[PDB]
Amino acid sequence: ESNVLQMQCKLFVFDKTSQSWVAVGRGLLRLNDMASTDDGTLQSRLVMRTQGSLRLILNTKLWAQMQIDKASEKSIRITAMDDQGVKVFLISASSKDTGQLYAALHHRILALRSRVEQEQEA
């Protein structure tokens, strides 16, 4: 793996019961790339650990069907796969980090989508 970016941020999960964001808390978020040594094909993931205690609170692989929306100047709404699992989460950060994260995710997802439509959608 190669680290693409690292940023301080705050993570929220969407709670279907209360129909509201539930704050998980702050941590260091990394976007990591891993290129296949056979196809050069790219897989990427978002990994986040709490500050201080370094406990894992996010480890989500990027997929073509993942949707990313800039929910505000300082936040990004993301979907994920995989029950009782949380489907939607929110990353809040500085305006600058949010912009960088959005751009990085956008291009990776766009690449994945291009690949899927060529491979699986004729």
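Atoms considered below: every heavy atom in the structure, side chains included; atoms not considered: hydrogens, waters and symmetry mates. We're numbering straight along the sequence, starting at 1.
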First locate atom CE of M48, then atom CZ of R55, and finally report the distance between them rounded to the nearest 0.5 Å.
15.5 Å
Filter on salt bridge (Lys or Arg N to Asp or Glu O under 4.0 Å), then keep only pairs touching residues 29-54, sequence neighbours left out; what's left?
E1-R45, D33-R108
Note, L31 side chain near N3 side chain (heavy atom, < 4.5 Å)
no
Taking all non-hydrogen atoms of both residues into account, name the closest pair between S95 and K74 and its distance.
OG-CG, 3.3 Å
If two hydrophobic side chains count as joined below 4.5 Å and joins carry through other members, does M34 share a cluster with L29?
no
Is there side-chain contact between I109 and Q65, with at least one heavy-atom pair below 4.5 Å?
no
Contact summary for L28 and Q8, nearest pair of heavy atoms:
CD2-OE1, 3.1 Å
Any heavy-atom pair between the side chains of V24 and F89 that's under 4.5 Å?
no
Side chain to side chain contact (heavy atoms under 4.5 Å, CB included) between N59 and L46: does it pass, once the steps are laid out?
CA-CA 6 Å; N59 183 18; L46 289 164; over 6 Å; no
Minimum heavy-atom distance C9-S92, with the two atoms named:
CB-O, 3.1 Å
Would a 4.5 Å heavy-atom cut-off, applied to side chains only, mark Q100 and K96 as touching?
no
Can you give me the closest heavy-atom contact between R77 and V88, atom names plus distance?
CG-CG1, 3.6 Å
Is there a side-chain contact between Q118 and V116 in this structure, where contact means two heavy atoms from C-beta onward sitting under 4.5 Å apart?
no
Nearest atoms (heavy-atom pairs only) where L11 meets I57
CD2-O, 3.5 Å
Short side-chain to backbone donor-acceptor contact, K70 and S75, under 3.5 Å:
no
Quick one: are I78 and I91 in side-chain contact, heavy atoms under 4.5 Å?
yes
I need the full list of ring-ring contact (aromatic ring centres under 6.0 Å, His included) pairs touching residues 16-36, with sequence neighbours left out, sorted by first then second residue.
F14-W21
Tell me, please, which residues at least two apart from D15 pass side-chain hydrogen bond (donor to acceptor under 3.5 Å, both in side chains).
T17, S18
Of the non-hydrogen atoms in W63 and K61, which two are nearest, and what is the gap between them?
CD1-O, 3.3 Å
Would you say that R26 contacts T50 through its side chain, given a criterion of any heavy-atom pair below 4.5 Å between the two side chains?
no
Hydrophobic clusters here meaning ILVMFWY residues chained together by side-chain heavy-atom distances under 4.5 Å, can you tell me if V86 and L105 are in one?
yes
Is there a chain of hydrophobic side chains (I, L, V, M, F, W, Y, each step under 4.5 Å between heavy atoms) that links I76 to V4?
yes
With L62 as partner, the option from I68, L112, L42 fulfilling side-chain contact (heavy atoms from CB on, under 4.5 Å) is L112
For residues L101 and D97, determine if any side-chain heavy atom of one lies less than 4.5 Å from a side-chain heavy atom of the other.
no
